[PDB]
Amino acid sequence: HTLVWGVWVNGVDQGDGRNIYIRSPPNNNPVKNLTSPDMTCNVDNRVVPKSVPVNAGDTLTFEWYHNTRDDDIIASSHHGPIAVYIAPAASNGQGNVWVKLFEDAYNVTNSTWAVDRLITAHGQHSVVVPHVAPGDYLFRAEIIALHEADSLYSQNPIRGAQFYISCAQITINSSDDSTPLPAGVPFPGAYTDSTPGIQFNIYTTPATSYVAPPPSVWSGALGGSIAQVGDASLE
């Protein structure tokens, strides 16, 4: 159970974004129905008033929280991968428009899942803004908690993969547009019961054998990281 408070740009807090530049749900309940419109931008997808100004090469840091800002972020039980997708605001999330900018499942070195490191990072994880057409975008951050993904939601609606999904409104001003955004996958649509990473037993199987749901990270992605980039407590 977790939500996005707002974003930092190049280590500068853009202030509370909830229902402002983040299309926030009314609460931190998970999305589990793979075929639902709710897979797009969660249970309350609608144009909100603001869109954060950024440029290609900026570091965009999403900040997640549980109850209060900078609390315990998400429950330690919610082991799983983190992904960021991008779509043109044009789409409003509809059609084959989502391009993956980032994927992080399990780090063998430190033996931590993306979610484990997100708790350590005070809920902060980042992507580098890619060289797409200047304009308005949604950045869709997705946490998959697998603490019950041993079942499918479609077969047992009290278990299944949990999706914590948050769309930020981002305006990309300066960009040479060296990497025009390709067509992407739909949500709902790209994740089905057979798709790998959706059904997995983290209790019986080792985390090194885990394989995140596709699609693959676009070649035009300039990567990203899970790490604190600023102190929320100094505000």
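Residue numbers here begin at 1 and follow the sequence given.
- Taking the mean C-alpha B-factor of each stretch as recorded, 50 to 58 and 162 to 170 are not equal, and the higher mean is that of 50 to 58.
- Higher average CA B factor: 90 to 98, of the stretches 90 to 98 and 114 to 122.
- The top Cα temperature factor in the record, among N33, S194, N27, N42, falls on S194.
- In the deposited entry, the Cα temperature factor of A141 sits in the bottom third of values across the chain's modelled residues.
- Among all modelled residues in this chain, the alpha-carbon of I22 has a temperature factor (C-alpha) in the highest third.
- In this PDB entry, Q228 carries a Cα temperature factor that places it within the middle third of its chain's modelled residues.
- Per the PDB record, residue ranking by Cα B-factor puts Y153 in the middle third of the chain.
- Residue-level temperature factors show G135 in the middle third of its chain, judged at the C-alpha atom.
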